[PDB]
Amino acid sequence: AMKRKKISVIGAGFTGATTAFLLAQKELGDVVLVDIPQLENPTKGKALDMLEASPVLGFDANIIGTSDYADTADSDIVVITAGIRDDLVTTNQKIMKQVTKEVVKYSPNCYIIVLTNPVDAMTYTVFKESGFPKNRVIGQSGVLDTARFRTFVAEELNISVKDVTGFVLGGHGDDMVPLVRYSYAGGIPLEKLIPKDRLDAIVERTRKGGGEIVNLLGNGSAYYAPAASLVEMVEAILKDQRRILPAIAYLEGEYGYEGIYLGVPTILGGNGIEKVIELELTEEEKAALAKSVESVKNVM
């Protein structure tokens, strides 16, 4: 029988909830929205509120809220947005291990997309607790950074964001390794369209993208763009699209590094990470990536 895909969203906060509503509107499958027992009810009300939109927007998806991982059984994809500095890492690292053990009990065959910061190490933890091969455990970072990058380049030139491309290796902030030489408008290199000063500010504003939103909102981090980035990565897997997207992936040789997670260009498909793509980098880029890999080792 034809069965709907099943997506469990672990963490029913701003990000997990926006992600669930997006997945449901796109009819990508049934969504189980999961939080802690003391937020069980709020999670049931967000779910039921999303579901009550379905007649009007006109989508067929079941959306339920729960604190019982038995309800995530035989999930196809699990999105870990479950969050609460070296103490924070150790708290989130404790969560990741509690969550992952429940997840792979009930869904031994699922694919895991991790949003939890620092996503470099939060994913490594999932990967090691899960016991799953590296293709099945992925983290989000590069898509959000390229999303902010394209938005700034788009207002600068007064053109559709659809015709802007960014390229990002590494993590957020100072871990971020932009390749503005692989960044284009209409396929024209940006370095030919934006004077040096205005362009390096757009690169800086991308580095300070996540904080610019944390500053404006006052309480909590971004959720709209981050939810979009997870959905693009979910869609790439469920629909076996073989998208080329930057993701947090486990290296076993690529770019010289081994045994770590890092933001690299991948092919996202029905087998999860089909390939980590190896580019020829400049010495300036390899050096900026070596510094980034030093802050990934910094969170052991």
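So that there is no doubt, residue numbering starts at 1 and follows the sequence shown.
Looking at the other PDB entries for this protein, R85 is absent from the model in a third or more of those that include the residues around it. Per the record, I188 and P189 are directly connected, as no deposited residue between them is missing from the model. Higher mean CA temperature factor between 128 to 136 and 85 to 93: 85 to 93, per the PDB entry.
Between the stretches 145 to 153 and 210 to 218, it is 210 to 218 that shows the larger average CA temperature factor. Of the candidates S229, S160, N117, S75, it is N117 whose Cα B-factor is highest according to the PDB record. As recorded in the entry, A288 carries the highest CA temperature factor of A288, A17, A24, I277. Looking at the C-alpha B-factors along this chain, the one for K6 belongs to the lowest third. Ranked by C-alpha B-factor against the other modelled residues of its chain, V180 falls in the middle third. Among all modelled residues in this chain, the alpha-carbon of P108 has a temperature factor (C-alpha) in the middle third.
Among the modelled residues of the chain, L39 sits in the highest third by CA temperature factor in this PDB entry.
The deposited CA B-factor of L199 belongs to the highest third of values across its chain.
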